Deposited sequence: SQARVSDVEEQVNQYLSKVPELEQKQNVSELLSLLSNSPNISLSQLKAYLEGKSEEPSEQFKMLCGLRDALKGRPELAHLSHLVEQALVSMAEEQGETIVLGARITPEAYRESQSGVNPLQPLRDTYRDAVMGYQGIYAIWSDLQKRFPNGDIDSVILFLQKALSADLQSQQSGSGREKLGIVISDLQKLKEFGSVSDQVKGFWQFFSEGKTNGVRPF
């Protein structure tokens, strides 16, 4: 119901990165039918950090269970899980699906990993806290990565968001991230001076 909604948006985005543990979890679950929902959820968290991926596997498990009704129920839990994720995590899930193709490409070069890329986009859209916060998160996430290239990645992604957005506050808030990222780029230009100062006085 709200699950169909989120699932619809996820596959629209996530067909572009065709990347089936669904079997492996069937048999692991078929063995030991005595599971809690919180165990299932933790298991999936262990399999992937990314909510859209956990969501995805659950849709895969709900399905592979279409042919395996062998009182193989606690497939009831799978739908309980799906509803928890749709109600509690719908936006996170959708944002993670939306950014996956771009993040995958950028991650390719070895130097900027996929999950901090995803997370960074998501936090910029869902709980932005200002330019100091985003800078600090860039540094924490990409301490041996190419932060300039991350900023670019984000600018491209947010600008596309802005094309389809146009209402009001979402639109304003996207603009503010974008301007803040433009400013971080301006500041790069002064990074050697700041280092010179820092080195003298530290």
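Comparing the deposited sequence against the modelled residues, what ranges come up empty for C-alpha? Since the structure holds only modelled residues, the stretches it omits are 1 to 2, 22 to 25, 209 to 218.
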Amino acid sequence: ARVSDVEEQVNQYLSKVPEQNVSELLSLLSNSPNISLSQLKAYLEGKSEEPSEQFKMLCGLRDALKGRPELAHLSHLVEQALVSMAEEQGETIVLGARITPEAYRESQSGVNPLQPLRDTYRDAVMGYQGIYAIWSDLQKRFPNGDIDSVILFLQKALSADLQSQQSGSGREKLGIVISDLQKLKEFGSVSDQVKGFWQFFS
From here on, numbers count along this sequence of modelled residues.
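Averaging the C-alpha B factors as listed in the entry, name the stretch that ends up higher: 144 to 152 or 60 to 68. Taking the mean C-alpha B-factor of 144 to 152 and of 60 to 68, the larger value falls to 60 to 68.
Mean C-alpha B factor from the entry: is it higher for 176 to 184 or for 7 to 15? Mean C-alpha B-factor is greater for 7 to 15.
Given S48, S164, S36, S52, the residue at which the Cα B factor reaches its maximum: In this record, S164 carries the highest C-alpha B-factor of the candidates.
Which one of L29, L138, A42, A157 shows the top CA temperature factor in the record? Comparing C-alpha B-factors across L29, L138, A42, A157, the maximum falls on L29.
Of the three thirds of its chain by CA temperature factor, lowest, middle or highest, which one includes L77? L77: CA B-factor falls in the highest third of its chain.
Third of chain Cα B-factors occupied by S109: According to the entry, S109 has a C-alpha B-factor in the chain's highest third.
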